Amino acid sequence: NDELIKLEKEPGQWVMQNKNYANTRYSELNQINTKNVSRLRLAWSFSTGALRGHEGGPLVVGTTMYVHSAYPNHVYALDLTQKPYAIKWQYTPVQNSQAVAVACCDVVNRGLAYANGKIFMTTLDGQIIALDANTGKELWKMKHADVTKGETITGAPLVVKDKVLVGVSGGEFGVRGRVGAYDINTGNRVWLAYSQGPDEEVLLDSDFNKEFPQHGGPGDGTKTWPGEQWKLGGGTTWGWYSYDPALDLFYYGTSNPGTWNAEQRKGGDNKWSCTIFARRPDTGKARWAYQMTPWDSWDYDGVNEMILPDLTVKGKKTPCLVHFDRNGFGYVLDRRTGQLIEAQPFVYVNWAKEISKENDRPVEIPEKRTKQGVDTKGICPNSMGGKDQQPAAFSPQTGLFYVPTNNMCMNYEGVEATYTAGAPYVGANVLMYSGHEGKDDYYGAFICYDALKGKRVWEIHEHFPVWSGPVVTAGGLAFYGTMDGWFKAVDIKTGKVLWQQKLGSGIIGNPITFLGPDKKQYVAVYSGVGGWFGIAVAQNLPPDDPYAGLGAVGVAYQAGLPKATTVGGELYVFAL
């Protein structure tokens, strides 16, 4: 989108969830820096009017901040000229409350998009809605997903050219994952690209994987599944999307292949679950695709963000795609072709020895592959992954990544799953615990990572999983939150915490930084615990059954999360 290509370069603005189309989450602002961040204090706050998990972050476009909440998905515009703000408008959509019953992993929403004087929001119950950015009035809406089939929407949409791109959730409900594109003016659907099924539904371009046919091709959307299991094939699309206008490609990842009982998917790769897609925004046709986890047996969703840095590879500047997958590997691909440049573990991994550079497939450790009716013990990372949706940041100054991570493992037993539309389609008993097969006393880490070397440059061990995606700045700082409510500023060179404050609820928001109309730098973040690891707190679940929340209940109580935080929903804005 032409306006967005201009706006994303403006240091004071934050016009899409991960700052820019490359998803770097990096700001050139340096008013706040390593020498003065100890003077950071709360400037103002704003209640979202909802409880449970507050993911994503606000947008700042012009002099207006746009704020979004957990279900029922309140949206607000704040006029930042009004000292410190006034509520310019608010909007709450009408929704089918049955959506709450079919959300796997809390009633979260990863936030708004902005383009051409319009705000775009998704709703848990499956709507894409366009609002006038200045008045908050509804311009159009479309039903993109159906809760009666176990579908929800939690992901943030992306505007590319004159289209808004919208995914779906339900990989635990047998949903057919897909991305739909809607005209931003009319709301008319232009295309719909599925993650499995016939080529007619997947949408492949004539040059699909031309350079790397070993990565897959025509027919694989059905032929890599037994019988017609692809009909319940998952590959949902609830993570972060990126875009390279110079290549005319947008990128995203796809979820687990539906049922968690891999026995019922046996015989093939189950493409295109657990896959990185590169697609043409005009037509939705795929130019390339790389499947990270063939025949998944761990719930290693592929949906984490696709950061688009230009890195020096073998002494050559290369347009890359960098992705820290749930499966524990940090992938570096050539974003033109899907060539695998590097893949190394960014957390402790024991389900695979490595990703082979001979065939770009995991070299599996057979004893860690799950099966039906037999428990598999001590798999790392667990299903919540090396990291979950919480997005990493990239500094073009240092050339390094700043990555929120999990340090957890699990036992996982497949069981036969039966499909009933609108009900869970899982088929696993999962018990989760701390890292290195229950040897560690901490459950998260914030790291600095060199993607091409596969090296953790430094690490901050965190008691809880780090479920907050950092913002990194030219001031030499990374900001992130913890699940017991600490908001922290770290020196990116040293890994030292320079400033921190305890907020009212666990932080699963991704902080932003922006300039107000006063030309002053602010840092803003949502507080309000929830998401998958926080589900015991968000949904008030007892400790009696540790298998509940598909393993999340047991591990949260072991980590002490219910003793560490309450639910909330608050936007906090800091300044010097």
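In this text, residue numbers run from 1 along the sequence as written.
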Q. Would 300-308 or 208-216 have the larger average of its C-alpha temperature factors, as given in the entry?
A. 208-216
Q: Select between 311-319 and 82-90 the stretch whose C-alpha atoms have the higher average B-factor in the entry.
A: 311-319
Q: Name the residue from 161, 387, 74, 488 with the greatest C-alpha temperature factor listed in the entry.
A: 161
Q. Going by the deposited entry, which of 417, 153, 379, 503 has the highest CA temperature factor?
A. 417
Q) Lowest, middle or highest third of the chain for the C-alpha temperature factor of residue 576? A) middle
Q: Within this chain's modelled residues, let me know which third the CA B factor of residue 453 belongs to: lowest, middle or highest.
A: highest
**Q.** residue 43, C-alpha B-factor rank within chain (lowest, middle or highest third)
**A.** lowest
Q.
Is residue 425 in the lowest, middle or highest third of its chain when residues are ranked by C-alpha B-factor?
A. middle
Q) With respect to C-alpha B-factor, does residue 52 fall in the lowest, middle or highest third of the chain as deposited? A) lowest
